[PDB]
Amino acid sequence: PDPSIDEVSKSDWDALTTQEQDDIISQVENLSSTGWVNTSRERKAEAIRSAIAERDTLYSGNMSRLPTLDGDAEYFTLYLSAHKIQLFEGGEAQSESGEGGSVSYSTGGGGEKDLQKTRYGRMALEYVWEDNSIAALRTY
Amino acid sequence: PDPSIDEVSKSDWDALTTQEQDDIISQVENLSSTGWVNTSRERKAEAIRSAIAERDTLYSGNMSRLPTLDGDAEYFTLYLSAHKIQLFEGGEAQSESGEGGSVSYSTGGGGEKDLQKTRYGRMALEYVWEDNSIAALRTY
Amino acid sequence: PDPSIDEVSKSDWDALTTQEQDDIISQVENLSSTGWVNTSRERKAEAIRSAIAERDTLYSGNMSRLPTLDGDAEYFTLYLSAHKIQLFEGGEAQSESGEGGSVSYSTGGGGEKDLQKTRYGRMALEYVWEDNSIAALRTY
Amino acid sequence: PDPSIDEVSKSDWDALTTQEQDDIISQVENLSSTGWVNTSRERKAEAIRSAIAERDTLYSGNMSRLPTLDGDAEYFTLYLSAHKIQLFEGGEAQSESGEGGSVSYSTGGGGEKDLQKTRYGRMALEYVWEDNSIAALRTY
Amino acid sequence: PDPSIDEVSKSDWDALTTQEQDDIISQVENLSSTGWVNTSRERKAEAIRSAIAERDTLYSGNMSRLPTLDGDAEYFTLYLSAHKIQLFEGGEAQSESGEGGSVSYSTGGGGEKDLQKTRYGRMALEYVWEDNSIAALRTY
Amino acid sequence: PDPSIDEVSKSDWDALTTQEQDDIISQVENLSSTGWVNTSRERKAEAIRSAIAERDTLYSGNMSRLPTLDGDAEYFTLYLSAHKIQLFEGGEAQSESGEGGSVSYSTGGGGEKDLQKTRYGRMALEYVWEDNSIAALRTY
Amino acid sequence: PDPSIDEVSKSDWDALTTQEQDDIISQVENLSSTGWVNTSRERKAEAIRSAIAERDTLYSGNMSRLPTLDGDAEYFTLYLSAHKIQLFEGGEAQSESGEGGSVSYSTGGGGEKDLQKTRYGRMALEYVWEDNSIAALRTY
Amino acid sequence: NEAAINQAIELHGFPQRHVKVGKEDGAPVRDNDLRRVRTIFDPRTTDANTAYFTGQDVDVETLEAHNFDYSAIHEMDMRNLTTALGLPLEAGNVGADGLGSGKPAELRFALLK
Ligand SMILES: [Mg+2]
């Protein structure tokens, strides 16, 4: 996308054209084989707006003068967006059974916290020091 | 929405036009793929009013002069609203089985407390220091 | 409701008109998708009267000069009322199975005590310091 | 492939011809017997682009003057790409059942973190000191 | 094979004739009773190339002046190749069920790490000091 | 067999006649009631060659001037060969079910390491001090 | 049998007449109610030869001047032979099911090591101090 | 050695306050957050009888004064220097056991004379 997801603030997302937003939505949909095609545009837009807001408020600033967003800000925001869409879908699937066909996934026991609860959030955590408190300051 | 959910107090919510409330209700419905379409408007309105009141009474003020609502206040209130609607619906579904079709979700073991019990509450906890006691004061 | 549930003592509840009570009952019914429609009016009234009494006797007074009901008193009394109605209905449903259709909810391991045993009680606990003993006094 | 995946940064990937990218995609598809043939090209491209960005941002630099990427950089980026494609596919399969036929794989209990959650990520961890903190510095 | 797998670097593998590569592939296929016959040549070639690269980058050098590859280098590389083909096949099978017939294997609880996860990797570990840190150095 | 399996180095195995190798293969096949008859000659030959190499590289030398191969070298190499053929067959069978008939065996998951994983490897361990570190040296 | 199994070295076994070996084989076959009748002569002969070799190499010599084979040497070698034949049969059965008929044996959880894995090996352990280290020496 | 002792006294001779913020495995605390905590616990504005009121997730740790025998290092330095320059150890304002009296003292003062 021309305006990249990391170049866009919450205010900027609201100002983008429908096509500029749709390009970012299209990129987020590349992170799932299903594309979350049965979830409507508004829900995907809400997830991306929420991920942008959450990057800028919870994953901004510094620890010991290191940036708290250590990884690529583009892919962090995309993984955070994908995490949100998957939570809007009801969570991460452990088992799916249909017309005889069944699959179980190795997703269990990931931990209790928000980002630990889906595969996209586990990927987002690596960009952000795994939520560790590396901050330090001095008196002068 | 024009009056954003974070601009609105409990008193202000009661004063909004029906359309102003419906815009906020519509925004909350974006946080689930189902939109909770089988819950009536009054239940969604009650959840939002409750989330507004609970933000202003339980998730306000300061700890060590840092604001207790550290994250984006709009998305915090929307997630708190979504948490409430999902609890009014009976809680978070772990397994669903229908006409042959079955799904199980990675959801269990999250913890004993209110906000830990659904995915929206787990998201809301990240905005509010994860309910940690970071407050400090001095004598002078 | 015009007389709000937090403005009403046990004596006041008994003095209210039938319509004033019905307005409060209607507000409690907004806290479940089912509205507990198969539970009679007398049972909903008994639960609300009991929540009012229990607020004023068990969840009143101060700890270290802080009010023990720290959260919004209206929503606290409504959640306490809803907790009671759900207990009159046999408790929180973990699994429901019907004509082929089955659902299981994330509810287990909540804890041993009264308010921990349903979703509404877990919400109510956040308003009352989570039943913690923060009280302190001095000699003079 | 002529431009090898380890020679290509995020900017370079975007600059490659379609055939140059398709050669690298073809190499990644060799790491699964299924080739992930039901995933579209855009999803495989997104995974590879993301693996490149993540190598350059999270798995780069030095610890005690040793390179953090100790293993072969080509195979590291390919395994990281394969890890991402398998997460876009819904995660690692533990059990698969079809028309009578069933298989269960040894996968579970691998750990909570991102790279531990699929076989390709477990391979990628060996190339990068298994995420251990071997860094040391002196004052002069 | 005339050029043995231990005599071949990653650069050398790419330079071999198709027949020379096929002889090494043929040898790796002897390590499974199935020979991985439903996995294509390119995938077996990718596994062998990856095993060669990984031997030379991760399983080379010395610990206390002892070689880190203590066992036979040919068989270590063949087992590492077999480990990779089995991971490309989806992992180690614990249970298989078909038309009536079922088998379960003793494979579980082997550990969290890459080489622990299949029988070939467990064999390969014995050649490389079981991934133990026996290295020692002096100052002079 | 005339050249015994303990008299033969990896180089010697390659030099043997087809009949001399077949005599040793026939001896190994006596260690299973099934004789692994559905595995081809090349796989059995590869297993014996690998066992010979692994004896000479991993189970040669001394600990406190005691030989590290304490038991009979012929039977050690035969059990090591049998261990390999069983791993090439997919592992040790815990349960087998067919046309109504079922058997379960006391395999019990004896440990995580290579030789612990099948009955033949458990026998082989007894010949090599159970992989214990009995070595000692002096300075002079 | 005239040459008793305790009178026979590995070299002696190879020199015995077919009838002398068959007498010892017949004695070993008395230790199971099934006689292992579906195993061939060569497999029983291999097991006996291996038990003889293993007695003489692993269960010979002294600890604190006490013989390490404390029990009756004939029955020890027979039980060691029976242990080996049962391992060639695939191991000790825990459960057997046929045409409706099922039996489960109290054999489970026996231990990790070779001789602990079948009933014959558990009997053999009692003859060899249960594999304990009772050896002691002095300086003079 | 004198320069080393002086620098070591500054780093290690005095306790230092270590305020640790947040729960272990809790929410991460960032630099701007620690600036506000620094303002509350500033040793510049603190007085001897300041009292602290906190939640459970603030810890006031101490870097202790770490023991080293700088006096013994000074004595060894002074012994090395005085014995090298030929003066008795007493000239360096350093005393030593048994040497201060009797024929031991007579010998050392005789050597000086
Ligand atoms: Mg967090």
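Whatever order the structure lists them in is the order used to number ligands and atoms, beginning at 1. Proteins get letters first, then strands, A, B, ... in listed order; numbering begins at 1 in each. Basis for what follows: all heavy atoms, side chains included, without hydrogens, waters or symmetry-related copies.
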Quiz question: by atom type and distance under 3.5 Å, do the side chains of [X] and [Y] form a donor-acceptor pair?
| X | Y | result |
| --- | --- | --- |
| H:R35 | H:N32 | yes |
| A:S104 | A:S95 | yes |
| A:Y79 | D:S50 | yes |

- Counting only protein N, O or S atoms and ignoring waters, those under 2.8 Å from the Mg ion (ligand 1) are A:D131 OD2, B:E126 OE1, B:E126 OE2, B:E130 OE2
- Item | Check: A:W36 ring centre within less than 6.0 Å of A:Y120 ring centre | yes
- Message: Using the ring centroid of each side chain, check whether D:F76 and D:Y59 are separated by less than 6.0 Å.
- Response: yes
- Message: By the salt bridge (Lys or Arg N to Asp or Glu O under 4.0 Å) test, which pairs, at least two apart or in different chains, include something from residues 48-61 of chain D?
- Response: A:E74-D:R49, D:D14-D:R49, D:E54-D:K84
